[PDB]
Amino acid sequence: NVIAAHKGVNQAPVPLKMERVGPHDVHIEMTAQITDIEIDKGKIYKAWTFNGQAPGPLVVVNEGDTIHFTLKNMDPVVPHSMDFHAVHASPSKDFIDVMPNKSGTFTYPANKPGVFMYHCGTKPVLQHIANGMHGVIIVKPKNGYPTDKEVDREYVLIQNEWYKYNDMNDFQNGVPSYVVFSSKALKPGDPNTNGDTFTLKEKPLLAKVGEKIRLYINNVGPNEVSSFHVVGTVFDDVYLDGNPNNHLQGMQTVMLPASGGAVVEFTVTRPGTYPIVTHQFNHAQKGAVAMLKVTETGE
Amino acid sequence: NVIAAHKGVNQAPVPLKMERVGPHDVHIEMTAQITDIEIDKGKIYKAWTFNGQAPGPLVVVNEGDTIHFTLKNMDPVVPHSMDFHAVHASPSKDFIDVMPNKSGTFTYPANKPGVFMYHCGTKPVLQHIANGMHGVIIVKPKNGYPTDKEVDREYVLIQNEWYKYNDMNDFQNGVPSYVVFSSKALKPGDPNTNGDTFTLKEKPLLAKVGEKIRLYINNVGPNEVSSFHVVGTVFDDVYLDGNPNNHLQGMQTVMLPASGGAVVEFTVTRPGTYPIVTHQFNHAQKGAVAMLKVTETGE
Amino acid sequence: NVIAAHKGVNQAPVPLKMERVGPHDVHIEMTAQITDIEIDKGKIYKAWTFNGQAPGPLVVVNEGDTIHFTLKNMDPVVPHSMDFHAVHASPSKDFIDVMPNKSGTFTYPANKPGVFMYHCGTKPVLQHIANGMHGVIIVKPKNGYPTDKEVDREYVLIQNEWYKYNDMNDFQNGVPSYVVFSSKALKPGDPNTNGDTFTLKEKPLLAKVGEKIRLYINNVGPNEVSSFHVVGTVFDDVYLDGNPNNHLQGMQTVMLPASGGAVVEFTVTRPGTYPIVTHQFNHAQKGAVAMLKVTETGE
Ligand SMILES: [Cu+2]
Ligand SMILES: [Cu+2]
Ligand SMILES: [Cu+2]
Ligand SMILES: [Cu+2]
Ligand SMILES: [Cu+2]
Ligand SMILES: [Cu+2]
Ligand SMILES: [Cu+2]
Ligand SMILES: [Cu+2]
Ligand SMILES: [Cu+2]
Ligand SMILES: [Cu+2]
Ligand SMILES: [Cu+2]
Ligand SMILES: [Cu+2]
Ligand SMILES: [Cu+2]
Ligand SMILES: [Cu+2]
Ligand SMILES: [Cu+2]
Ligand SMILES: [Cu+2]
Ligand SMILES: [Cu+2]
Ligand SMILES: [Cu+2]
Ligand SMILES: [Cu+2]
Ligand SMILES: [Cu+2]
Ligand SMILES: [Cu+2]
Ligand SMILES: [Cu+2]
Ligand SMILES: [Cu+2]
Ligand SMILES: [Cu+2]
Ligand SMILES: [Cu+2]
Ligand SMILES: [Cu+2]
Ligand SMILES: [Cu+2]
Ligand SMILES: [Cu+2]
Ligand SMILES: [Cu+2]
Ligand SMILES: [Cu+2]
Ligand SMILES: [Cu+2]
Ligand SMILES: [Cu+2]
Ligand SMILES: [Cu+2]
Ligand SMILES: [Cu+2]
């Protein structure tokens, strides 16, 4: 069930465009496009994406920024839209469909800090999210987190599921075929990957012995909850949804609803390879294990 | 698998009866009865209910009230019972079966504030809850919530699932056929509906631009968790189980276990239609989307 | 699909060995062994276990203890390992496989209080956990919990699932066949049972009217979350993962991720039998109901 007009389509990834236009105003431009992604070795999914990545590119703004967002729809036949969980907006005015080969621009404020999902909001929403149109926007708190001075390194990890291609019965009633992690870059040099079963096993995240690591995490679903755990450590501090006031300490595992986020911080005390899992182990067996390699130097 | 003695039975809804008999004592009388409910267009489920609604009628009492509860069982063949999560009681003395065409009266205190499930407790409990015998009791806190002065409007929403009719294999091992929201009235004029796939899309909840809305929510299950989210906003304040001490701020999505409740508050800043979902999107696709319509006047 | 070398093997349970060797140092020795357990009446599962129990024996240490742990692998063909969620360790050095008929010793610190899962960490981990190699380690806080002076009795309860025997397709893609509770002894005389559908119904936990009960609970999974609830009461105080700082009050139901723990406290006000459930009622129907019997004397 590949739509006839998508057969043979594979649009190259387009970089996110982003520029600050005032102390509290930021322009962001993203595309909706159809891009082949290898989600498991030998298995291509012709994903519906923002900017040719699934999950989509990371967006980072500051608390109190107003976002002036443009979506250019490169899909030749299906309309697409954008819903940022970070913003206050009218869904029926500001998260509306952009037609094929057209652009739309919408403006809305991000006044809460945290780790928010974004996704396409075109009906049926389950079809658009399951085919790949999901991502994270981080809204950095104006006053930071209480533990910022202790953090040595930070990474972003996103969990998603993949089902049988564009199969609405399976999206509604089936078990996931794969559950996967991806990482998105906060700064130049950091890994930026798609949701697949293998890249973060073959090319682990790096750290050095003794460091306190912060992960910004979100489970975009579409359908499952997550039981997020790093093997070999305990979370020193957890901020639910990345809001600094929702503080928990000393958690072994952090549940996340579908679309839920967190900031989690932990210390790695010995060199070695540390798996990162969802502890719902049927999903870990179906791809959701990433690796952190901790060395004496960090390289 | 409709029990022979229920074929042709459809008992009209009976109003909840409730009266205060002392500063801290309240009488409540409810029925158990068998009532046809249209859960999706064209699809009748011959539900097992309290008072002919599923979920059942809303009960609201004050912290510290003792409830003197009578159940009249109008089912001609199956016994029924009541378990309120709000109360301290002996299950084997106070949540016992009432036989067909009989009444029972039980007395127990509600000393904790919150948003509690109630349900039938007759074995097998899964069969009695899945066939419709669930509901919410709200216990209002003696000293309110810290944010009461900011709240402009409030509604109650309940999430439940429906399965294949009276099919114990499906109740145990199947995926839900429908997942639905209903609303129950806090005051005259407010919507009071059953768990179906369409009423709160066709007849949305109303609000005005700029208002802070409070929802009292509970996921009665029977089997699924919920990832509750309002599109276009972020929750300013969340009180888990409706206890004022379990305060979280700035959540995008609130997980609820089966039977879990919350009070959530959020601001609507622009006119439009705002979907209310569980963000486990397979369940939203199977009915669990309600609408909030925000106008310049509230009408 | 019983491995040829396990046909006919049923190793008798071996007691946990544990001794303190310094103010902050404790030796623990456990076995990995293959033991038949009756998980439902008439149904034997040839479990992969620690010490012949599934879940495994309870381990209790103090915050700040270093554990010097030895695993003796009595399985004649499959390697096994131990991962304690309580500790900081290098997974690729300290949670490594011990071969058949060999021993390994590993040393690591437990510096966080709480109710932690332990399990085998040998690939595929889902197979080793689902076949029975799970358990709990409690790390008692140095300064106790704020509510310790109010607690009259305490018990440990663990929830797990069972699937079709050693069937990796079912472990990954199937619904559980059984979901069960077990209790592990904190002191001599307390019940110590395996995860089965019947023992804690036939031989309930005991308490006396008026007591405040503390349960240390963990949901080891492997795959499901839990909605933990005691019928007839409300939790006065909840400490997520058993860390004293993660305090919630007045909860009807406590969600637990897979591997998540809690300390929950509640008061029983009337004599009777009080069911303990996961409120995801398909799992309660498949075994996950235990009983607490409350008498005027406690006997
Ligand atoms: Cu297509
Ligand atoms: Cu400014
Ligand atoms: Cu693969
Ligand atoms: Cu602009
Ligand atoms: Cu789309
Ligand atoms: Cu959303
Ligand atoms: Cu940073
Ligand atoms: Cu699923
Ligand atoms: Cu699933
Ligand atoms: Cu450091
Ligand atoms: Cu671990
Ligand atoms: Cu949860
Ligand atoms: Cu019937
Ligand atoms: Cu009074
Ligand atoms: Cu319909
Ligand atoms: Cu009375
Ligand atoms: Cu009933
Ligand atoms: Cu209940
Ligand atoms: Cu009110
Ligand atoms: Cu289900
Ligand atoms: Cu389900
Ligand atoms: Cu207002
Ligand atoms: Cu949203
Ligand atoms: Cu075997
Ligand atoms: Cu000392
Ligand atoms: Cu049985
Ligand atoms: Cu030693
Ligand atoms: Cu093992
Ligand atoms: Cu683990
Ligand atoms: Cu104790
Ligand atoms: Cu499952
Ligand atoms: Cu399941
Ligand atoms: Cu006492
Ligand atoms: Cu209850």
Side-chain angles (χ1 to χ4, degrees), chain A residues 172-175 223-225 280-282, chain B residues 20-26 62-66 109 111 126 129-130 142 159-164 169-179 219 221-226 257-258 278 280 282-283 286 288, chain C residues 3 6 30-35 46-51 54-56 71-83 95-100 102 104 118-135 161 166 171 173-176 179 220 222-227 278-286:
Chain A
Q172 283 176 259
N173 296 309
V175 297
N223 296 330
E224 305 285 352
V225 305
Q280 288 158 234
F281 253 93
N282 54 355
Chain B
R20 178 164 296 278
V21 299
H24 306 291
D25 286 274
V26 183
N62 292 324
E63 184 179 344
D65 282 337
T66 293
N111 281 318
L126 173 62
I129 295 180
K142 168 204 167 76
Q159 181 177 316
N160 73 268
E161 304 131 34
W162 294 109
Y163 292 88
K164 290 173 191 186
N169 175 60
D170 197 49
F171 295 167
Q172 283 176 259
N173 296 309
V175 297
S177 284
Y178 305 100
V179 184
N219 170 31
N223 296 330
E224 305 285 352
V225 305
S226 181
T278 173
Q280 288 158 234
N282 54 355
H283 295 170
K286 286 176 170 179
Chain C
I3 292 168
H6 287 180
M30 295 170 46
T31 66
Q33 63 181 84
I34 303 303
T35 301
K46 184 179 296 301
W48 302 10
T49 74
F50 297 108
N51 290 72
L71 182 65
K72 297 177 52 178
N73 187 4
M74 294 168 57
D75 188 319
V77 295
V78 186
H80 297 290
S81 58
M82 171 63 86
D83 172 335
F95 296 165
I96 62 168
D97 294 339
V98 177
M99 300 300 290
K102 301 289 208 243
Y118 69 74
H119 58 85
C120 181
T122 298
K123 291 178 74 179
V125 174
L126 173 62
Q127 182 182 21
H128 287 249
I129 295 180
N131 282 324
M133 310 197 68
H134 41 69
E161 304 131 34
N166 198 39
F171 295 167
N173 296 309
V175 297
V179 184
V220 297
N223 296 330
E224 305 285 352
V225 305
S226 181
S227 293
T278 173
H279 221 287
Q280 288 158 234
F281 253 93
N282 54 355
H283 295 170
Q285 179 64 26
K286 286 176 170 179

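Computation of the quantities below employed the complete heavy-atom set of this structure, encompassing side-chain atoms and omitting hydrogens, waters and symmetry-equivalent molecules. Throughout, a chain's letter reflects where its sequence line sits, starting with A, and its residues are numbered from 1. First listed ligand is number 1; within each ligand, the first listed atom is number 1.
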With rounding to the nearest 0.5 Å, note down the distance linking [atom1] in [X] to [atom2] in [Y].
| X | Y | atom1 | atom2 | answer |
| --- | --- | --- | --- | --- |
| C:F171 | C:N166 | CZ | CG | 5.5 Å |
| C:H134 | C:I129 | NE2 | CD1 | 8.0 Å |
| C:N131 | C:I34 | CG | CD1 | 8.0 Å |

Point to revise | Under 2.8 Å: N/O/S of B:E161 next to the Cu ion (ligand 20) | key: no
Check your understanding: So which N/O/S atom does B:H24 have closest to the Cu ion (ligand 14)?
Key -> NE2
Practice item. State, without any angle test, whether B:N62 and B:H24 hold a side-chain donor-acceptor pair at a distance under 3.5 Å. Key: no
**Study point:** Short side-chain donor-acceptor distance under 3.5 Å, B:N169 and B:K164
**Key:** no
Study note, to complete from the structure: Row for the Cu ion (ligand 28): angle SD (C:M133) to SG (C:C120), 10° precision, value 110°
Exercise for review: Please work out the angle at the Cu ion (ligand 28) defined by atom ND1 of C:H128 on one side and atom ND1 of C:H80 on the other, rounded to 10°.
Suggested key: 100°
Review point. Taking just the N, O or S atoms of B:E224, which one is nearest to the Cu ion (ligand 20)?
Key: OE2
